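Here the protein sequences line up with chains G, 6, O, M and 1, keeping their order.
If you want the entry's author numbering, it's the 1-based position in the first sequence plus 1.
Reminder that position 2 of the second sequence reads as 2 in the entry's author numbering, one-by-one numbering, no gaps.
If you want the entry's author numbering, it's the 1-based position in the third sequence plus 2.
Reminder that position 81 of the fourth sequence reads as 81 in the entry's author numbering, one-by-one numbering, no gaps.
If you want the entry's author numbering, it's the 1-based position in the fifth sequence plus 9.
Note that beta-carbon positions come from the ideal geometry of N, C-alpha and C, so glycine has one too.
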Amino acid sequence: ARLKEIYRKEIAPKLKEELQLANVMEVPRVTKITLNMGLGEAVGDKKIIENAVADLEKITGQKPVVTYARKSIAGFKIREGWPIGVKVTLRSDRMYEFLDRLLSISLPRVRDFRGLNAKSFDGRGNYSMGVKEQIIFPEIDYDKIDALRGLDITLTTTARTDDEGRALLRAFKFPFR
Amino acid sequence: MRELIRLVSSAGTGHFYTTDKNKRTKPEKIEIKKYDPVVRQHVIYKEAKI
Amino acid sequence: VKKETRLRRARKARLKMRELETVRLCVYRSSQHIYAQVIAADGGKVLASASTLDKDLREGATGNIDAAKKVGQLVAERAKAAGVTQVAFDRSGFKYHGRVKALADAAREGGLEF
Amino acid sequence: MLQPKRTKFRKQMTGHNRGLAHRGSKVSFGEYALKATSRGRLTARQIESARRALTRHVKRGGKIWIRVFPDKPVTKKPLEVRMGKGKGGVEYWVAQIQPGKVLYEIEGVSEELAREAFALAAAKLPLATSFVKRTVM
Amino acid sequence: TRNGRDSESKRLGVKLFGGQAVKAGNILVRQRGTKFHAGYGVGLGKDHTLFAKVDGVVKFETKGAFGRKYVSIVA
RNA sequence: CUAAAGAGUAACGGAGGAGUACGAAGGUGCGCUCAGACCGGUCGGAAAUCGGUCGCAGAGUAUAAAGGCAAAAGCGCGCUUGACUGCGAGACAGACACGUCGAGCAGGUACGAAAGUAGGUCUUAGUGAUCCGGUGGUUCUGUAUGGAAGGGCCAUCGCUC
RNA sequence: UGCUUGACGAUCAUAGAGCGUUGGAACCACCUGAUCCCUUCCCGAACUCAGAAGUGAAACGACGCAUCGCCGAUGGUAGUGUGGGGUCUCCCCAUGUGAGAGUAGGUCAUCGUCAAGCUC
Ligand SMILES: [Mg+2]
Ligand SMILES: [Mg+2]
Ligand SMILES: [Mg+2]
Ligand SMILES: [Mg+2]
Ligand SMILES: [Mg+2]
Ligand SMILES: [Mg+2]
Ligand SMILES: [Mg+2]
Ligand SMILES: [Mg+2]
Ligand SMILES: [Mg+2]
Ligand SMILES: [Mg+2]
Ligand SMILES: [Mg+2]
């Protein structure tokens, strides 16, 4: 990919001599980015569920799979087994191609870019971020948009402690605070 | 309730199996292979009203 | 680990070889080699074995389908000599496909009934 | 009035009372205790009366524990009702007492005061009791 | 609202104890679940009936990684 | 539960359920492992979907409880009809009538590469004798004879009897 | 001669867990790539295939340690068969039996078949 060889040849030798690691493969590495969309309002209409496939596939190039409720909640109008979301997983060079597109091309075109939270870590080196709205991704067409919807990004890395996670994330030139 | 049905052999024999069936959820007729002891072959049986 | 999920994936067939008192052609598959044991019904004794660690198979390719054919044909020769003809093929949780299938197919042509 | 405040079953079999109370026979918590030397039942009304007699006498200072809980429901047939036609309906709650069970405990008071307050409580109770000090093992 | 019902006793339990001679087909245990498990020469019925598949003597054994009580037929 | 550690065991004793369901929720091969908690994450909140750690069955098992459940007996997918026909050694249970389990043999299948597995469903409720009448088969009988009627035999239907 | 590694068993915690140290010659694992066989209700994550550039980081194996877990006496106690007795809702005596809990303590397993390497 455009970013895969960058990590393989320059970021990895940068981190090993930066984190003071005695092994080569101990360096934190992004394993996958998965894109979830919590599909609300599907309690009454299903026209949005295959609309979600349309936008989610185009910004990733992979066909998403529709998720279903693990339980039945009275507070919301959903029951076990209805489609209430979509998700995509990227691990190949497609994983790296999306990362550069989101980092350099997509992220700048947002309403109010105050950076990204640096404390947004689970505590085990995995970074999670959420996109407030759509149309940040250039792939879609604004005219050909049924509704305006968000989605979230999860950087699942092999880092042990979240300080390694931010170190690798900053090595990607991630805009933080 | 589950009303009784008759699975009648496709062969020339008058052999029939009997079973029940939910006639609202699945109103389509049952077609299934069962052993016909008259011709000693596995044969398709078709649902008929008992 | 994915080794634990494989052994428990192989438990049912192995427990079925016992309670049947059948001689088992156990198979192990690695990234570098592929093995084949002919284990007694009790499971605690091996009657014949063949791997890519044999003198005639250490050199050259060992972790491909071709090496599986040579090992499977070899274990058929040793099993017949040991006095074993009717076995049951244990895939040991490995999918019956590719190398594992090639080893078994060689034993089928080698004179092992399974 | 002590009650389990909810139960799995409303009614219980009468059962028996045969032990020697090898558990609940030590003075934990406090330093002086009222120990049952005989065997019987303690209703919730009796336990409360003994509690009130005991607490009123150690006025202004002390800590008191109730180590007897009436968790056993006891039924009664009404008057003018024949045998049969069901068990009968819970009337009160009792605690089964074996000899040796510690019923009440106190601390923060002198031994002379503790004996005085335990005599007051023991007169409300239908069992033979005794005064015991906390022991090392 | 009231009571007074019960079902018939099922006559479950061990029919042949340890060391008893068995013929093939003899019912060894009647049970609800598998309180006892089928060892060597012992079959399992639809209702988890343990029955003899071979002739021999009953052997009860507890063994395995799960602590299952087994019924086996030995010579 | 009472029920007294084999079985059984009464009370107008203490508590709950049943009078069904499913051609898939059956068979098989393959594959998987729940509940809950915490942390991070757009709407999203205690709780929706996503990722990670713990968790190790506290979930699930059509349904009441009890006993079971890793070869999961729980969950998914592909192909299917073994929810087969004749039987059946041997048992359990038992006043009788009924009832339960079942290796194995034959015929014919399904799934699997194969060993194998499958005669319904994790198990234990979901039921009603005979008579009479109806329907489908039948090499049986057929009141002088040939038929037929009617009868018998096998399958099956009609009782909140 | 013994050791190491791997596969399959015996046994099923005195065997487990946790923590720490160590192993890459071989084995194994991670690993490289995905056209080929095959796979994802998306994704070479898993499954599969062709390999050997890299590493023992993860996992696994070995070693150590009583922190947890597990095991656990002796003595006593409870219960209890039979015979007898009392103050008989419950106990006692003779005789036979005898826990559970707890205490002292113990445990970082033991064994077998086969294959490869090494040692002697
Ligand atoms: Mg009994
Ligand atoms: Mg008894
Ligand atoms: Mg949340
Ligand atoms: Mg929360
Ligand atoms: Mg089920
Ligand atoms: Mg005539
Ligand atoms: Mg007729
Ligand atoms: Mg790989
Ligand atoms: Mg290490
Ligand atoms: Mg102990
Ligand atoms: Mg003891």
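| query | result |
| --- | --- |
| Other residues of its chain near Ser107 (chain G): CB distance less than 6 Å, five sequence neighbours each side excluded | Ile137 and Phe138 |
| From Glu112 (chain M), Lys133 (chain M) and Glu105 (chain M), residue whose alpha carbon lies closest to that of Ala50 (chain M) | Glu105 (chain M) |
| Host beta strand (DSSP E) of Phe91 (chain O) (start-end) | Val89 to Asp92 |
| Backbone secondary structure at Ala15 (chain O) - three-state DSSP | helix |
| Simplified DSSP assignment, three categories, for residue 179 (chain G) | An answer regarding residue 179 (chain G) cannot be provided, because it is not within the stretch 2 to 178 covered by chain G. |
| Assigned exposure category for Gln75 (chain O) - 16 Cβ within 10 Å defines buried | buried |
| Simplified DSSP state of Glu112 (chain M), which is helix, strand or coil | helix |
| CB contact flag (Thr37 (chain M), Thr129 (chain M), <8 Å) | yes |
| Beta-carbon proximity check, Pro126 (chain M) vs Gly30 (chain M), cutoff 8 Å | no |
| DSSP three-state assignment for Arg2 (chain 6), whether helix, strand or coil | strand |
| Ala55 (chain G) - DSSP class collapsed to helix/strand/coil | helix |
| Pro65 (chain G), buried or exposed, once every other Cβ within 10 Å from all chains shown has been counted against 16 | buried |
| Of the listed residues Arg39 (chain 1), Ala74 (chain 1), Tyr49 (chain 1) and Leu53 (chain 1), nearest to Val63 (chain 1) (C-alpha basis) | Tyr49 (chain 1) |
| Segments assigned beta strand (DSSP E), at least 3 residues, entirely inside the stretch 54-116 of chain O | 89-92 |
| Between the CA atoms of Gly89 (chain M) and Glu42 (chain G) - distance to the nearest angstrom | 53 Å |
| Contacts around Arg67 (chain M), its chain only, beta-carbon distance under 6 Å, and the 5 residues preceding and following it disregarded | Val102 |
| Burial state of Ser32 (chain O) (16 or more Cβ within 10 Å) | exposed |
| Residue interval of the alpha helix (DSSP H) (run including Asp123 (chain G)) | Element bounds for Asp123 (chain G): n/a, residue is neither H nor E. |
| Under 8 Å between C-beta atoms of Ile141 (chain G) and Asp56 (chain G) | yes |
| DSSP state of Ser49 (chain M) mapped onto helix, strand, coil | helix |
| Cross-strand partners of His46 (chain 1) (DSSP beta bridge) | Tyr79 (chain 1) |
| Beta-carbon proximity list for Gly95 (chain O), same chain, < 7 Å, skipping 5 on both sides | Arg8, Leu9, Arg11 and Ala12 |
| Burial state of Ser53 (chain O) (16 or more Cβ within 10 Å) | buried |
| Close beta carbons around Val43 (chain 6), own chain, < 8 Å, minus the five adjacent residues each side | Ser9, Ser10, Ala11, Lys33, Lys34, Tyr35 and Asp36 |
| Cβ shell of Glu107 (chain M) (< 8 Å), same chain only, five flanking positions each side left out | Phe29, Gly30, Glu31, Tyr32, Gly62 and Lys63 |
| Close Cβ partners of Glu115 (chain O) (< 6 Å) along its chain, the five nearest in sequence each way excluded | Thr87 and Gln88 |
| Distance, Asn127 (chain G) Cα to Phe175 (chain G) Cα | 14 Å |
| Residue from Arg134 (chain M), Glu91 (chain M), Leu120 (chain M) and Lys124 (chain M) whose Cα sits closest to the Cα of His57 (chain M) | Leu120 (chain M) |
| Beta-carbon proximity list for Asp123 (chain G), same chain, < 8 Å, skipping 5 on both sides | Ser129 and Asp163 |
| Segments of 3+ residues assigned as beta strand (DSSP E) that fall wholly inside the stretch 7-91 of chain G | 31-39, 66-69 and 84-91 |
| Contact under 8 Å by Cβ, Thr68 (chain G) with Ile79 (chain G) | no |
| Rounded C-alpha distance that separates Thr14 (chain M) from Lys87 (chain M) | 11 Å |
| Candidates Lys85 (chain M), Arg6 (chain M), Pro78 (chain M) and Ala95 (chain M), of which the one nearest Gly24 (chain M) by Cα | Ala95 (chain M) |
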